[PDB]
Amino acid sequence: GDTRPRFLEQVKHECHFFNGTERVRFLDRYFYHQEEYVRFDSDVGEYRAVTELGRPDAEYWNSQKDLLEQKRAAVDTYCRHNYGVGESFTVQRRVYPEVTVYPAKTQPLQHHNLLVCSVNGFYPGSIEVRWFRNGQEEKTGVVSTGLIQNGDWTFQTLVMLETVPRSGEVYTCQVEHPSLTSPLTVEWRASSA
């Protein structure tokens, strides 16, 4: 609808945490459209122009002593401080996965099918999902969507297995996740239903 040209300023103040808070890196990043033009990186300790467009800003701001000391304190005053405030419901947050198993194509036996394992609602992102046929793990024929972020502090993943079920067979999906102290296991037995 609107074909008027557009103009965008972004600013990202980023705190990167390694080994709890025992190493923190603070980045103050300025963007024009998508182009980073100037940044302060606590590891460098002054502003550096990323693109020629940022030189006037790097040079002006680096001439301001109070400004630099202030950016140099940001690892503590800003990053550690905010890590403190949010830690309890972010870093510590754990929601259990829900596991559901089903065939994708309602087919007869001795015919190719995808058994779907749907893992849903979990936090944080890290998870592992294993398929077994009888008691034997199968890493062959595993087709996965990967980690999908739902945008609401939960993730899902869908892990499918390529089978040809014959009816004397049992298949199992095993899930591990930090919220759990033991795997959640879900079975599917090969028959008409």
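One-based numbering along the sequence shown.
Stretches compared: 147-155, 34-42. Higher mean C-alpha B-factor in the entry: 147-155.
Remark: stretch with higher mean C-alpha B factor among 74-82 and 108-116 is 108-116. The entry lists a Cα temperature factor for residue 60 that places it in the middle third of the chain's modelled residues. Residue-level temperature factors show residue 27 in the lowest third of its chain, judged at the C-alpha atom.
Per the deposited record, the Cα B-factor of residue 49 falls in the lowest third when ranked against the other modelled residues of its chain. Among all modelled residues in this chain, the alpha-carbon of residue 181 has a temperature factor (C-alpha) in the highest third. When the modelled residues of the chain are ordered by C-alpha B-factor, residue 193 sits in the middle third.
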